[PDB]
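[1] Sharing an experimental structure here, sequence included.
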Amino acid sequence: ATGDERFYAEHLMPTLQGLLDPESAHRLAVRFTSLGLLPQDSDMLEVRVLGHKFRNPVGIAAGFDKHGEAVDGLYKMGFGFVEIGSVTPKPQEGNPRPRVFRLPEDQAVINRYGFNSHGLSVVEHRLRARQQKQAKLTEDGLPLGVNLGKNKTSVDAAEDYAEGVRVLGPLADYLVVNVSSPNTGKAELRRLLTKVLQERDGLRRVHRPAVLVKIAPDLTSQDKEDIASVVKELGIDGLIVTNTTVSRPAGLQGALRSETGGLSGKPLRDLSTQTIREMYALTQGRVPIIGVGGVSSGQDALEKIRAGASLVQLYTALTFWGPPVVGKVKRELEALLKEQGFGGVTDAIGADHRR
Ligand SMILES: CCn1c(CO)nn(-c2nc(O[C@@H](C)C(F)(F)F)c(C(=O)Nc3c(F)cccc3Cl)cc2F)c1=O
Ligand SMILES: Cc1cc2nc3c(=O)[nH]c(=O)nc-3n(C[C@H](O)[C@H](O)[C@H](O)COP(=O)(O)O)c2cc1C
Ligand SMILES: O=C(O)c1cc(=O)[nH]c(=O)[nH]1
């Protein structure tokens, strides 16, 4: 471990988080990153998936940069790809404060932001302003994803996601649609994803993004079977596994454990990993998976890759370790690939299923 990794984890992050409320910490992080106020990837880390080169498999998950304000800084931090959003059609404020809660004893966060968004038009103009720079970044193995949401008052989710495809699809390497429990159904999911794909296929080939579906871990076995079936039937390009959990695993110690919202970080890790394992098996290893939930080490990343993830993302680990976590995960992942006899990340994808 480096000097910076230890300093940030043991001293700087605990001090800054002790002085700030959690939402102020988030806003300041976005501002610092956007300005590049921050501290070489080996070829073993390169992955080719989703019609693109990824110079490393470690991405920033949706939620950190909801409004596309810090994309270039996130690449400077060392992420192999960036996902912005969720972005809603119209601007909206989200839920009343307080809406973000730290559980330091669990290395977890709970949030109920409620899709606070600057809206598609603002994000469109922000991305347009750097679109050629992004085209070069993407060519150099640093792709951009855009996560689409829906407005609170919308009657038809398909219309909101269609609007997002039309407006931000031409500026993205991939798009993400979040899907909730269809049975608490399948025909409605099929309808939704059919419209998204028809809208996507309407874009000029040079600006035609991949489409991924992001799922929560709070799905029945029937929900997961139904999602896998629809994804294969329609030719959805990939899955993001997983969002935050509305469950509260036994053993949480944080005083704020009973706050409403989505739980992220370490308590989500193995729930996420098990969901990757299930979705990889249900899609016969033919649908790329981005693995997300509780990643803070090379071991955590490798467990998701071996379970079936082609790429991984993190967010919550940044809140505890700061920017040095990105280099930590990458260095540890490279070391573990070498220790286990893999030629690169590619050879490890789904390796637990071929035992
Ligand atoms: C879930 C909301 N949430 C929380 C609360 O739960 N924390 N948090 C983050 N806070 C961060 O730093 C805070 C403390 C700051 F005040 F220093 F900005 C950072 C971070 O990387 N900061 C940072 C940087 F961006 C550039 C150079 C040095 C540093 Cl230390 C990343 C985060 F995800 C965040 O999004
Ligand atoms: C504060 C916060 C905001 C989030 N906002 C979004 C969002 O807008 N859209 C989305 O798909 N996921 C969102 N997520 C979920 C993350 O993208 C990720 O799936 C989840 O937090 C698990 O990863 P982690 O344990 O590494 O944080 C958010 C997470 C947090 C903690
Ligand atoms: O904005 C939010 O509340 C939010 C969205 C999402 O997809 N996941 C999450 O944990 N929070």
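    That came through fine. Numbering: from 1, shown residues only. Ligands and ions are numbered 1, 2, ... in the order given.

[2] any idea how far ligand 3 is from the residue most central in space within the chain?
    Geometric centre of the chain, nearest residue: residue 61, 2.8 Å, by Cα atoms, centre = their mean. Computed as Cβ to the nearest ligand atom, to the nearest Å, the residue 61 to ligand 3 distance reads 9 Å. Using the backbone N, CA and C atoms, a C-beta is placed for each residue, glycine as well.

[3] just the helices in this protein please.
    Secondary structure of the chain, counting by DSSP state H: helices at 3-7, 13-19, 22-34, 71-76, 120-128, 131-139, 157-168, 186-201, 221-234, 269-282, 298-307, 316-321, 324-339, 345-348.

[4] which stretch among these comes nearest ligand 2?
    Across these, ligand 2 has its closest neighbour in helix 316-321 (3.3 Å, Cβ to the nearest ligand atom).

[5] What is the closest one packed up against?
    Using 3 or more Cβ pairs under 8 Å, 6 or more residues apart in numbering; DSSP states H and E, the elements in contact with helix 316-321 are helix 13-19, strand 108-111, strand 262-265, helix 324-339.

[6] What residues sit buried inside that helix?
    Neighbour-count burial for helix 316-321 flags 316-321 (criterion: 16 or more other Cβ atoms under 10 Å).

[7] now those residues as TSV including distance to ligand 3?
    Converted to TSV, the buried residues of helix 316-321 look like this (distance: Cβ to the nearest ligand atom, whole Å):
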residue	distance to ligand 3
316	10
317	15
318	15
319	13
320	17
321	19
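
[8] before we move on, the earlier item: which one of the helices and strands packed on helix 316-321 lies nearest to ligand 1?
    Using Cβ to the nearest ligand atom as the measure, helix 13-19 is the one of the helices and strands packed on helix 316-321 that comes nearest ligand 1, at 3.8 Å.

[9] So is that closest one next to ligand 1?
    Yes - using Cβ under 6 Å from any ligand atom, helix 13-19 comes into contact with ligand 1 via 16-17.

[10] any bit of that helix sitting next to ligand 2?
    No - judged by Cβ under 6 Å from any ligand atom, helix 13-19 makes no contact with ligand 2; its nearest approach is 13.7 Å.

[11] What residues sit buried inside that helix?
    Of all the residues in helix 13-19, those buried under the rule 16+ other Cβ under 10 Å are 13, 17.

[12] How about stretch 344-355?
    344-346, 348-350.

[13] Endpoint to endpoint, it covers what distance?
    18 Å (Cα to Cα, to the nearest Å).

[14] For residue 348, give me its contacts.
    302, 305-306, 337, 340, 342 (Cβ atoms under 8 Å, 6 or more residues apart in numbering).

[15] switch the cut-off to 6 Å
    If you count contacts by Cβ atoms under 6 Å, 6 or more residues apart in numbering, residue 348 has them with 305-306, 342.

[16] Can you give me the distance of it to residue 157?
    Taking Cβ to Cβ, to the nearest Å as the measure, residue 348 falls 36 Å from residue 157.

[17] again, but for residue 197
    Using Cβ to Cβ, one gets 15 Å for the distance from residue 197 to residue 157.

[18] Neighbour count: the two, which is higher?
    Comparing residue 197 with residue 157 by other Cβ atoms under 10 Å, the one with more neighbours is residue 157, at 20 against 17.

[19] Quick check: the more buried one touching residue 150?
    Yes - at 5.1 Å, residue 157 and residue 150 qualify as touching, with contact defined as Cβ atoms under 6 Å.

[20] Would you mind measuring the gap between the ends of stretch 232-244?
    24 Å.

[21] Give me the contact list for it.
    The contact list for stretch 232-244, computed with Cβ under 6 Å, 6+ apart, reads 50, 176, 193, 197, 210-217, 262-264, 272, 275-276, 279, 287-291, 293.

[22] Please apply the same query to stretch 158-178.
    Residues outside stretch 158-178 that contact it (Cβ under 6 Å, 6+ apart): 50, 52, 89, 120, 124, 127, 138, 143-148, 150, 154, 192, 195-196, 199-200, 203, 207, 209-214, 240.

[23] Contacting ligand 1 as well, which ones from the residues you listed?
    Applying Cβ under 6 Å from any ligand atom to the contacts of stretch 158-178, none is adjacent to ligand 1.

[24] Quick check on those residues: which are buried?
    Judged by 16+ other Cβ under 10 Å, buried ones among the contacts of stretch 158-178: 50, 52, 89, 120, 124, 127, 138, 143-148, 150, 154, 192, 195-196, 199-200, 209-214, 240.

[25] Check the residues you listed one by one and keep those near ligand 2.
    Counting by Cβ under 6 Å from any ligand atom, 147, 214 from the buried ones among the contacts of stretch 158-178 sit close to ligand 2.
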